[PDB]
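What follows is a short report on a single structure.
Letters A, B and C mark the chains in the order given here, with residues in each chain numbered from 1 onward.
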């Protein structure tokens, strides 16, 4: 119909169902439009800001917003939210004494943030020396997603102003405590910035607009999703509905659909690829917090499929995704520098094409040249054993030798094992696993964890 | 009908009786809506802001307000009020001498408070050293309810700037008592901050909107209710009606309804559950002030039920709900570290399901490890004795030996006894009670009180 | 009727007579509404603001103003005037010399003052050491009537900054007189604050709304009335009409009616009770100025009743009411620690119920425990002697012994005497009176005058 309850130029019939913006006017979503590249949009018919961001659903869908905004924020269910941070690249202390910090701001969101004014802490150990705001010398006029200030190839900017003043560790006992080898850290409590909107005269203005107004609203109606690809990180917020309220019309979508919409990962039939790096559930290690783990494990058993990506996305959940550094599937990807032992690729019972036909034991000798010292690593993989009569024990060499037993199930089951490696010029890491009979292995992964 | 006296989009007939919001408009309430999750709202038909908070009745009921405002405040009777406080975490003093403090801001209200600018007094002992207003370094851009700034996982911000000036004790006369073991406390006299409204351009503006405009209004037309769950404290304000004003149409509700509205506690027929922690009258200890206590006691005689949760909420009341630390009912919960002595659960005369059939005396050993030193506790419980012929005396071992006698009544009655414990490495606390004959006991509670 | 000269929604015919607000419309006043709790309002029909305050007659009568304003100001003839003062709690001086003071603002009016910025004087002996205006550290965001900033239980705030700058007596000359025995007083010259109005969009704004615009106006159309209850103080302004102007329609009221309106005192038949404390003319001592006393004295002589509360209120009157500390009426309230001697209650010719049938002399022994040293007191009472043949002399022991003779008249008359008590550990205070024959006594009162 032509019923517009929320007054955002899209009828409630089109928002309940699918719709797409064609020639700036919303039209019904027809399945034939998919091959032309038109994306299907859904939203809430009782709210003009489904995700909580400053821009309405129509402005997002029709691309009527700032053209520096990434195309993942054009989906009404993905919020335009800058994630700014501060990184200390070089610290200079000299003479009490005086401290100089080299900083460079980072952005990892789906929107640019003008007039960046970070607030930072200078903590040594628990005690905070001072809290600093970015003076007019250290404010960035522009900051674009996936870009830094100053731009790449430019030297970082200093930090030597307290209010016209100079940063000082007023207590020389702090200097003596630093003399013991305990460095000074840097953390960002808050960042201040603006956004851009057009006025009645057609001119973008970023003066009165503030991002601090639309932080509490967005952080309360969305679910945090983080992607880690080793070299870069991407943070997204996806709007989720509240369960108790019957007037909440936000669409209910799965976790896999949320990832696909948030990161614009192409889906070639069933698999998910972000930028040529697979992000499928079996091809990456996911990390949750306590509440999200409880929700996932409770909702999993109600579903026969038993897949995390098929679980409905709820409000407040956290989904951290960490792309494994070393991944092998015996089909099209194997980045392990050292070859495996006792591998047979002649099989057809794998997860996608083939599996590993192991008869005996598998041992891998990984050089530590391509390994990060003083880091925690987790080895994971999928195992299949219809026999259910063989016990698998693993021997992994590390700072502390670990020996654990595994009981394979009838179907595919994932195992997670954690070990710590200390010292670059230390003993070589030895990983060994033995099987009583014939076992199937697929998607062996090595994933870095927090240090 | 369609008569709107105060012009807030809700007719008088719907505000006098129950009403609910459906598709951004208000409709008459029907009991069949309870299953679907809809709620029955009531408010005054002569005032457009029943609670006193900036948002009207229609915006509160229909959720036209900020999305960081808890759904507890969507009831037109519960005001959205930010209760922000400040407390020290680390004290830094160095050389006259200089003093530095580390603080973190806590919000326990039901509405976010933007641009937090607290004012604190640095009182050593009686004498006030300084009155500090938060500078540009110590302002919190956002503060969501039940959230702190800096958020969890971040070091507290240092408070050093006095004017850019340095904090200083003028003379060492204060340092004389400081060397003797005196504590410099930090207390918050007031707090400055903003609130969010939607302008005519669809954006949220929080610059001309301040909370210091509505604080006197909210605090004067409301009854204060607080809940202390040991670690988390929630403070609420519930609008009431004037006593001697015929032109005040604020709905009249009891204490139980007020608590259920304020804290959104679910009600399973007769009991009351907040978040899995029962907060019913017989499972918690209530602390009042003088005027509220006298009002309740004078209103209890005219009531046959003699239950606090059935007393009408009057403007100006002060209620504090302290969840007991140790509480057992012998039915579905017993958190006492050590089992009781001489307990018989075979009974059918309990307050809810069953009682305890004690014939003789009961002694309980409470370990010294799980008790807070230098703190005051209270022993609470229920007693039933139809015979009314057995006298009960209690022996309590503490810093000072206490022995009191109790005379049970025909029906259930609550007895409160106060004792003090000092010293972590002191004598173990021993509590002994003796009964002449056979008595019934239920809901044995231990409530922690202020030092 | 249907005529509104001043355009305040209240017809002239209703303003000239009584009127009341019912469902936010002015209606004619009938005497039957008294039992329902409604009040009768009368106001000038040629002025929109009768009392001078920013709130019009309709806003005051219908309660469409700030909800923190006391109901005593809802009367159009009573102005909403905040009386703010600063009290000095402690004085610390240390090193030429630096002075630091702790203060706590007080409010004793019927309106709240936002953004209180008091101005203070530092005077030792005639000379003014400095004049101080509070900076952003000493500004109270909210200050409700009968409340303080900081609130109860919160330590006072330190006043030590003059402009970054520390207060200083520029020489030891101001230090010698402190050793001599002269203390430093602290008095407030003026107070700067804001009031609260609701803007067009429906929000409360308190920025440009200064109280300094309506101090000169209100003080010049009213008559100050102060009530002292020993501990607390209530200052009020009641509108009165100019004597010479024929175009002044401000309603005329008596002093008793003005007091009842201003303090919302409850009148139970003939007695006037404030908060259970009688404020009837017999139970209080009235203090006026010179001009007020002259006008009252010249106005009683044409009045049959011969009572102060029956005198019409005139513009410029200054009335102060003092509630006696020790008041005995020999009926229901004898606060004297020591009982009287030679008293007979067998009488029926008292002022209200009974009198004191004295035949001889009456003596009372009063200890210094309930007496404040260095305080001046006034002894007052009522006497009735139809015979007019007995001379009464009073013997009072004090710092200076006083013996005065009295000649009672035929009817009831009030007698007053002045004496001072010096020294806590001084000679015992002795009060003795002798009656030649039979006399009637009632309502003996003691009050604490200025030191």
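What we mean here is this: contacts are C-beta pairs under 8 Å (C-beta built on N, C-alpha and C of every residue); 3 or more make two chains touch, one makes a residue touch a chain.
Trainee: Answer with line, ring, star, complete or other to describe the graph linking chains that touch.
Mentor: Topology of the interface graph: linear, an open chain of contacts.
Trainee: What angle of turn lays subunit B on top of subunit C when you fit their CA atoms, given in steps of 5 degrees?
Mentor: The two chains, subunit B and subunit C, differ by a rotation of 50 degrees.
Trainee: By Cα centroids, which chain is closest to the centre of the whole protein?
Mentor: Nearest to the common C-alpha centre lies chain B.
Trainee: With centres defined as the mean C-alpha position, give me the subunit A-subunit C separation in Å.
Mentor: Each chain reduced to its C-alpha mean, subunit A and subunit C end up 68 Å apart.
Trainee: With chain centres defined as C-alpha means, what is the inter-centre distance between subunit A and subunit B in Å?
Mentor: Between these chains, centre-to-centre, one finds 38 Å.
Trainee: Which subunit A residues reach two or more other chains?
Mentor: In subunit A, no residue touches at least two other chains, as defined above.
Trainee: If we count contacts the way the header does, which residues on subunit B are in touch with subunit A in the complex?
Mentor: 21-24, 36-38, 63, 66-68, 71, 90, 92, 94, 98, 102, 112, 114, 136-138, 140-142, 144, 149-151, 154-158, 160-161, 164, 196, 202-207
Trainee: Subunit B touches which residues of subunit A in the complex?
Mentor: Going through subunit A, the ones touching subunit B are 5-6, 46, 48, 52, 54, 56, 119, 121, 123, 126-133, 162-163, 165, 170-171, 173, 187, 189-190, 192, 197, 208-210, 212-217, 219-221, 242, 244-247.
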